[PDB]
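Chains as they are written, first to last, in PDB author numbering: chain V, 18 to 76, 90 to 124, 132 to 189, 199 to 525; chain C, 19 to 51; chain e, 1 to 14, 40 to 70.
Just so you know, even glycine gets a beta-carbon here, dropped at the ideal spot from N, CA and C.
See below for the structure under consideration.
Okay, here's the thing in structure tokens:
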């Protein structure tokens, strides 16, 4: 009894108090602001929702019996908060928290408000240990939310519901089927994108793609023809994961040129927060695909504390691939195949042999000028000299090297191509970035004039000084 | 009735209007200064 | 403000002012010392 009298009492009052201005005041201001004005995003308090989600994530009977049927009930809500606090201080409070929104005069008269209120129970119920709020009961609460979803008037409800049917997906993600979630999402997508433009063409796309790939079906038809590619309103958080998904989709189909740029943009759109969960994966792929595309080094050495422990296999891998040796590649694959399979990346790196052999032959071509093929096999350990002829021939085909070969003799001789400065390519190289440096100036200037505003102050010299000047001039002209 | 059709049309027009209004409000200032 | 959250798979179970060059780690594969190679190669011939 003595132990629980000094640290247990504090938990009750202080969190309630600091919540009274965190979500109670937030709800009160949103009701008269989001549902009281057309500021939308401004008075929608999506960042207040954000903060009250992130803080409560790492953080109900009183707040569920909120009443606002009449003005006295709405006024009462706030004194009833203190009344329930006093009851909690004196007495011990408590399914029976789902019928209250239909009772206790609960007439918010704003869907934007009752939605967030309902979702707030769902988030704790989702995070109620691993119980899943008695499983389907959380889903049933979200089934209630889905009934609310069909309620209507979306000058706020839309951007309120986004988060709702984003956690809704997580509910099934942690449990049972997802196929019928896909059916629902497909329907909901055209339920939107038809009410002119309403957004959600960002969140629903990511929700659909999150486990479309996880089920391991690489359908792409609708992605190339999707009209929701361009919501243009993503808060710079949705856009990153959307670009990541489309980049992996593009890269898995033997397309490397565009995936690098799009997914590098996606990675560099990532925020500054300490969490590095998805950045681990995007980095890992962003350097596998760069190894695949030609032989760009990618070895922009990463030793940051967060990423150091994870990417230890990959460092060893790049070490083998950069050199022309091939036994090292097998000695790495047979060692880390299971680890790569656990990462879902065995299929991409299993086709890396061609890149290794291209690097080796290019290095051999650049180093020597006249070498017998009776040693190329020994240096690259192909175990046979005759097929080295075919390998070199294929290399010459694609313009890898311009060396000729005397088949009757056996030695390979290479041409000499120097003085690239006179070639037209450096002009192209300069132009490609002249374009960028000209674009950035216009981009910067475009947004400079937005902050200058409220400059109504426009006065020249005076108002009544003109009469004094005229009088002085007349007096001077009189004499 | 046919209210839904009319709602759709009027809503689309009003949704467009605001962007234009905004992109003109900035333009007026420069000229004034 | 500072929402900064991502849903899945946080992992990993929790300097140098000289610009990095790849070559430094290449011979980190072996040849610990030029000394050792020269000393233990020259004796043969």
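- If you draw a straight line from the Cα of residue 272 of chain V to the Cα of residue 239 of chain V, it is about 11 angstroms long.
- By the CB criterion at 8 angstroms, residue 57 of chain V and residue 201 of chain V fall inside the cutoff.
- In this structure the segment 223 to 234 of chain V does not lie against the segment 170 to 177 of chain V, because fewer than three pairs of beta carbons, one per stretch, are closer than 8 angstroms.
- Residue 110 of chain V and residue 101 of chain V have their C-alpha atoms roughly 14 angstroms apart.
- Of all C-beta pairs linking the segment 406 to 420 of chain V to the segment 448 to 468 of chain V, three or more are shorter than 8 angstroms, placing the two stretches in contact.
- Under DSSP, no beta-bridge partner is assigned to residue 473 of chain V.
- Its chain contains 114 as the residues whose beta carbon lies nearer than 6 angstroms to that of residue 92 of chain V, once the 5 sequence neighbours on both sides are disregarded; these appear in chain order.
- Scanning chain V for C-beta atoms nearer than 9 angstroms to the C-beta of residue 33 of chain C yields 242, 243, reported in chain order.
- Chain e has no Cβ within less than 8 angstroms of the Cβ of residue 387 of chain V.
- Listed as beta-bridge partners of residue 458 of chain V by DSSP are V:417, V:451.
- In the three-state reduction of the DSSP assignment, residue 43 of chain V falls in the helix class, which pools H, G and I.
- The way I'd put it, the segment 30 to 50 of chain C doesn't touch the segment 330 to 344 of chain V; fewer than three beta-carbon pairs between them come closer than 8 angstroms.
- Residue nearest to residue 28 of chain C within the set V:275, V:143, V:241 is V:241 (criterion: CA-CA distance).
- The segment 296 to 341 of chain V is shown to contain whole alpha helix (DSSP H) runs of 4 or more residues at 303 to 314, 323 to 338, in chain order.
- Inter-segment contact for the segment 274 to 289 of chain V and the segment 314 to 321 of chain V is present: three or more beta-carbon pairs are separated by less than 8 angstroms.
- Counting C-beta pairs closer than 8 angstroms gives three or more between the segment 202 to 214 of chain V and the segment 144 to 164 of chain V, which meets the contact rule.
- For residue 499 of chain V, the nearest beta carbon of chain C is closer than 8 angstroms to its own beta carbon.
- In this structure, residue 12 of chain e places its C-beta atom within 8 angstroms of the C-beta atom of residue 352 of chain V.
- Residues of the segment 272 to 296 of chain V that bring their beta carbon within less than 8 angstroms of a beta carbon in chain C are absent altogether.
- Flagged as an interface residue toward chain V: residue 44 of chain C, by a C-beta distance shorter than 8 angstroms.
- Within 9 angstroms of the CB of residue 22 of chain C, no CB atom of chain V is found; the nearest one sits about 11 angstroms away.
- A Cβ of chain e is located within less than 8 angstroms of the beta carbon of residue 323 of chain V.
- For residue 359 of chain V, the enclosing alpha helix (DSSP H) stretches over residues 358 to 368.
- Residue range 148 to 163 is occupied by the alpha helix (DSSP H) that includes residue 151 of chain V.
- Using a CB distance cut-off of 8 angstroms, residue 71 of chain V counts as an interface residue toward chain e.
- Setting aside the 5 residues that flank it on each side, residue 359 of chain V is surrounded in the same chain by 382, 385, each with a C-beta closer than 7 angstroms to its C-beta; the list follows chain order.
- For residue 99 of chain V, the three-state secondary structure derived from DSSP is coil.
- Separation of residue 306 of chain V and residue 331 of chain V (C-alpha to C-alpha, rounded to the nearest whole angstrom) is 9 angstroms.
- Judged by their CB atoms, residue 246 of chain V and residue 208 of chain V are nearer to each other than the 8 angstroms cut-off.
- Rounded to whole angstroms, residue 454 of chain V and residue 435 of chain V show a C-alpha spacing of 12 angstroms.
- Contact annotation: the segment 423 to 435 of chain V does not touch the segment 471 to 490 of chain V, with fewer than three C-beta pairs closer than 8 angstroms.
- Under the 8 angstroms criterion on CB atoms, residue 62 of chain e is classed as non-interfacial with respect to chain V.
- Residue contact with chain V for residue 4 of chain e: present (Cβ-Cβ distance below 8 angstroms to some residue of chain V).
- For residue 120 of chain V, the closest of V:295, V:30, V:322 by C-alpha to C-alpha distance is V:30.
- In this structure residue 402 of chain V touches residue 372 of chain V by the C-beta definition: roughly 6 angstroms separates them, less than 8 angstroms.
- Judged by DSSP in its simplified three-state form, residue 488 of chain V adopts helix.
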